[PDB]
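Student: Here it is, the structure, as structure tokens.
Chains as they are written, first to last, in the deposited numbering: chain 4, 225 to 327; chain q, 4 to 72.
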């Protein structure tokens, strides 16, 4: 897919500067997601407030400095790749404990 | 008995996440060099063929003018 796109003059030149966002503006409008990712303002819930063993596994989140809606695309991509990392390590770490709680 | 939960002998072998998009080496300016080269061939050959066609032109007009009387 990354050869299917990403240096395509068409897709790029259609989405480059369209719909940018200022970081603080995104904060006031409350955007949470690939928005904040691709536009500055480095933040994640996965990293900051781990809600389960998802804390342990290693991986790294992308960002972008152009806030350009192209950055957000590429950030989604790289999150797919990192998702592959997390899936891998998860397959390596799986304990054979049990399914449901015992209560 | 024993337990049938999944995990096998560790690691499942390695896995490759990272991005790879390599290999195009034909591109220096030299792409221009081969294209412009192709032009430089076209004008050569086409030059020749147009000269020949002029030669034929004169020959045909010679047919007509010899006919005229």
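Each residue gets a CB set at the ideal place from its N, CA and C atoms; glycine is no exception.
In whole angstroms, give me the CA-to-CA distance for residue 266 (chain 4) and residue 251 (chain 4).
Tutor: The count along the first chain starts at 1 and reaches residue 266 (chain 4) at position 42. The count along the first chain starts at 1 and reaches residue 251 (chain 4) at position 27. Cα-Cα distance, rounded: 12 Å.
Student: State the Cα-Cα distance for the pair residue 293 (chain 4) and residue 235 (chain 4), rounded to the nearest angstrom.
Tutor: Looking up residue 293 (chain 4) in the first chain gives position 69. Looking up residue 235 (chain 4) in the first chain gives position 11. Going from the Cα of residue 293 (chain 4) to the Cα of residue 235 (chain 4) covers about 12 Å.
Student: My understanding is that residue 226 (chain 4) touches residue 285 (chain 4), with C-beta atoms under 8 Å, so please give their C-beta distance in whole angstroms.
Tutor: Against the first chain, residue 226 (chain 4) aligns to sequence position 2. Against the first chain, residue 285 (chain 4) aligns to sequence position 61. So it is not a contact: roughly 18 Å between Cβ atoms.
Student: When the Cα of residue 12 (chain q) is compared with those of 326 (chain 4), 323 (chain 4), 308 (chain 4) and 319 (chain 4), which residue comes out closest?
Tutor: Residue 12 (chain q) sits at position 9 when you count from the first residue of the second chain. Minimum Cα distance to residue 12 (chain q) is reached at 319 (chain 4).
Student: Return the residue from the list 256 (chain 4), 263 (chain 4) and 255 (chain 4) that minimises the CA-CA distance to residue 241 (chain 4).
Tutor: As a working note, residue 241 (chain 4) is residue 17 in the first chain. Looking at the Cα atoms, 263 (chain 4) is the closest of the given residues.
Student: Could you name the residues of the same chain whose beta carbon sits closer than 8 Å to that of residue 244 (chain 4), not counting the 5 residues immediately before and after it, in chain order?
Tutor: For the purposes of this step, residue 244 (chain 4) is taken as residue 20 along the first chain, with counting starting at 1. Closer than 8 Å at Cβ, skipping near neighbours: 263, 290, 291, 292 and 293.
Student: What in chain 4 is Cβ-close to residue 24 (chain q), meaning under 7 Å?
Tutor: The residue given as residue 24 (chain q) occupies position 21 in the second chain. The contacting residues are 226 and 227.
Student: Which residues, in chain order, does the region 303-319 of chain 4 contribute to contact with chain q at a C-beta distance below 8 Å?
Tutor: Listed in sequence order: 305, 306, 308, 309, 312, 315, 316, 318 and 319.
Student: Give me the chain 4 residues within the contact set of residue 6 (chain q), using Cβ-Cβ distance strictly less than 7 Å, ordered along the chain.
Tutor: Position 3 of the second chain, counting from 1, holds the residue named residue 6 (chain q). Those are 320, listed as they occur along chain 4.
Student: Quick check: what's the CA-CA separation for residue 257 (chain 4) versus residue 303 (chain 4)?
Tutor: Residue 257 (chain 4) sits at position 33 when you count from the first residue of the first chain. Residue 303 (chain 4) sits at position 79 when you count from the first residue of the first chain. Using only the alpha carbons, I get a separation of about 11 Å.
Student: What three-state label does DSSP hand residue 297 (chain 4) in the structure shown?
Tutor: For the purposes of this step, residue 297 (chain 4) is identified with residue 73 of the first chain, where counting begins at 1. Helix, per DSSP.
Student: Using a Cβ cut-off of 9 Å (strictly closer), state whether residue 32 (chain q) contacts chain 4.
Tutor: Along the second chain, one-based indexing puts residue 32 (chain q) at 29. For residue 32 (chain q), the answer is no, since every Cβ of chain 4 falls outside 9 Å of its Cβ.
Student: Under a three-way DSSP split, which group does residue 20 (chain q) fall into?
Tutor: Working through the second chain from its first residue, we reach residue 20 (chain q) at position 17. Reduced to three states, the DSSP call for residue 20 (chain q) is coil.
Student: Would DSSP call residue 290 (chain 4) helix, strand or coil?
Tutor: Within the first chain, numbered from 1, the residue matching residue 290 (chain 4) stands at position 66. In this structure, residue 290 (chain 4) counts as coil in the three-state DSSP scheme.
Student: Is the beta carbon of residue 288 (chain 4) closer than 9 Å to that of residue 279 (chain 4)?
Tutor: Residue numbering aside, residue 279 (chain 4) sits at position 55 when the first chain is read from its first letter. Residue numbering aside, residue 288 (chain 4) sits at position 64 when the first chain is read from its first letter. In this structure, residue 288 (chain 4) does not lie closer than 9 Å to residue 279 (chain 4) by Cβ.
Student: Give every residue of the same chain whose Cβ lies closer than 8 Å to the Cβ of residue 63 (chain q), excluding the five residues on either side of it in the sequence, and list them in chain order.
Tutor: Position 60 of the second chain holds residue 63 (chain q). Around residue 63 (chain q): no qualifying Cβ.
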